[PDB]
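Below, in structure tokens: the form solved without the DNA, a single chain.
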């Protein structure tokens, strides 16, 4: 939260980009906290992968990472769910080169593809990643993570986008079902 707020203010200052010239003093002022609080937050955010910090001749740059953006997209998706705001998505890209029983029971399908999404659809993919989708339970064997399943359509044929719950930041999505491509994804 004070962390959410710091990430949000940094992205806000980054304006259209994902980079901002910010000192701990300036960020402290934007946030209404002490310089020391701000310094500590920046260190924590950087050590834990939400931002990177780069010292240049022109000043210090705070860059939000894929993980830092995921914090904002997850909050957006939480509020969409809670306020019942519909935020379904289209992503385009290129086709590229225990769970099963749940796919059957929860998605009511018999499991049998890989898609490299375009850089220009990366913001839409990031949006999707913030949502919860259909929960598919992880388990112990090694502990296997839960996955998220998003009902989707390719050429009006239904399928699901499958993702680890512990988000991995990649431009490659996996689709399970019962060349350029367009996928509508239902959040």
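Positions refer to the first chain, counted from 1. Take the two forms, find the largest set of C-alpha atoms that superpose within 1.5 Å, and that set is the rigid core.
There is also a form deposited with the DNA bound; it is not shown, and the following applies to it.
Proximity to the DNA in the deposited bound form, taken as heavy atoms within 4.5 Å, picks out 35-43 from the listed stretches 158-166, 143-151, 117-125, 35-43. The shortest heavy atom separation between residue 53 and the DNA in the deposited bound form is within 4.5 Å.
Contact annotation: residue 60 falls within 4.5 Å of the DNA in the deposited bound form, judged by heavy atom distances.
Contact check for residue 18: every heavy atom lies farther than 4.5 Å from the DNA in the deposited bound form. Contact annotation: residue 10 falls outside 4.5 Å of the DNA in the deposited bound form, judged by heavy atom distances. For the partner-free chain shown, nothing in 149-171 comes within 4.5 angstroms of the DNA in the deposited bound form, judged by any non-hydrogen atom. With the core held fixed, residue 119 shows a CA shift below 2 Å between this form and the one not shown.
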